[PDB]
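Derivation of every value follows stated rules applied to the coordinates shown; laboratory data play no part. Virtual Cβ from ideal backbone geometry, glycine too; neighbours counted across all protein chains shown.
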Amino acid sequence: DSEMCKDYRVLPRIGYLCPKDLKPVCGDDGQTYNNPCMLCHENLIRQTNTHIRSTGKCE
């Protein structure tokens, strides 16, 4: 969850760092992010501090 973004960093050459395990998470904003770390990634561009609503893709 954003709790991981509480202390993360992203540069032009480093970019974002996420695991290779694909884990579908649900977004509390009514959205879904394939990989969990990819959630903070889409949050880095939106900058809305989205958190995981539930494990797995939203249903």
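Take the residues of the range 17-48 that are among the hydrophobic types (A, V, I, L, M, F, W, C) and touching a strand residue (DSSP E or B) at 6+ places or on another chain (Cβ under 7 Å): which is nearest to residue 3 (Cα to Cα)? Before you say what the answer is, go through the steps one by one.
So the first thing to find is which residues in the range 17-48 are among the hydrophobic types (A, V, I, L, M, F, W, C), and the list is 17-18, 22, 25-26, 37-40, 44-45.
Within this subset, residues satisfying the condition of being touching a strand residue (DSSP E or B) at 6+ places or on another chain (Cβ under 7 Å) are 25-26, 39.
Working: 25: 15, 26: 15, 39: 11 Å.
This residue is 39.
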Kindly provide the set of residues from the range 18-41 that are outside any loop (DSSP other than H, G, I, E, B) and closer than 14 Å to residue 58 by Cβ, ordered by number. 25, 26, 27, 31, 32, 33, 39
May I ask you to list pairs of residues, at least six apart or on different chains, whose Cβ atoms are under 6 Å apart, with the first in the range 6-19 being under 15 Å from residue 42 (Cα atoms) and the second being among the aromatic types (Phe, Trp, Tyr)? 10/16
